[PDB]
């Protein structure tokens, strides 16, 4: 069962909008909204969305596998060896948020302070002592962006696996000699950095120039979660505030995906007339170029929705029913909708890109969609005995070597329940950089924004006040 299997199972359920049913349903961890900072829903005047992996949740592992296959084909087409075509995507390997070390060709899972939690070279998981040879302080400077690339997005999942595949392949292929910073083939030297750049470029190519979009839209049922409750929730949002879309995708793709997401024989509820997807939004903005959008942005343009091309000129007019915008900035939205920062709840999956920047730069309130939570929660609950044992051992050790080896064993067994690279949120008792970012920048979070449907209009989401140690 993948996380998108969980999301689709919940998607197939009709909405029971009886008060007591709703209260009961959001008791279950699976349908809850989780709260890092208190948020009075009654004060939200505008709800904003990203599209990809927010409204349009791509099915796993099918979509990652398609991305993987096309990226591989692109590398082969530009001259990588034919053996790449024997690779096959494996969803059990990658966890999101890993760091690729371009100097030494390792995938690293780190905490918020750059401490190494996991290190793999290809498919070889490197133990603590061996890690010290390349990482003397078991530490990386993560803002050294010339060296380290953080694979934080869901679109980075196939390249996460591909990087490890390529390191493994070149290591084990007798044509190549393994060196500390890459692979030697006579008078040719391929650095891990050059290899990484080729992979990144190929992923980019597949998304922007290749066939990924075309292959997705030709089989939307295979690739995209569809849920009759989406229009219901959006309709309810629109009763109490404004609704906007701000997506980096182009109009033609947006229109295809969104048309599919609303293609039911009814509107918001069963029995109601179907309405076009555009009718759910007070403002539609494509080609957003986030994160630049949250600063200077780009010139505001208007989409000719008949051709899918941009009209000639910067758009200087007012908000008009039926207009579709392109480019602009976050100020466009605030200006056109008459909203100030804290009046906006912005709903997205990009915890760097959108969520962090909207909060830091504009003071927007945030809702982070974490699709993997839909399955990670099932593991967390199923294996809570293991975590409880882990806490207990950390405690017993503190109050003072068999205990340390045991901590390592339990940490490993727990972690392997999630996959080879462990939980998105932790390795054993140590939180990941990703977890830290979610806590710091996501006011609310959940496996799906649809979970908002189960809380009433003016719900007050509550988090405990934080005290300093000297205050506690």
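Numbering follows the first chain given and starts at 1.
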item: Sequence continuity check, residue 400 and residue 401 (deposited residues unmodelled); value: 10 or more
item: Mean Cα B-factor comparison, 190-198 or 388-396, giving the higher one as deposited; value: 388-396
item: 233-241 versus 87-95 - which carries the larger mean C-alpha B factor in the record; value: 233-241
item: Among 114, 79, 276, 129 - the residue whose C-alpha B-factor is largest in the record; value: 129
item: Peak C-alpha temperature factor (PDB record), options 328, 270, 322, 371; value: 322
item: Ranked C-alpha temperature factor of residue 347 among modelled chain residues, by third; value: lowest
item: Third of the chain's Cα B-factor distribution that residue 29 belongs to, per the entry; value: highest
item: Chain-wide C-alpha B factor ranking for residue 73, given as lowest, middle or highest third; value: middle
item: B-factor third for the C-alpha atom of residue 293 within its chain; value: middle
item: Chain thirds of CA B-factor: placement of residue 185; value: highest
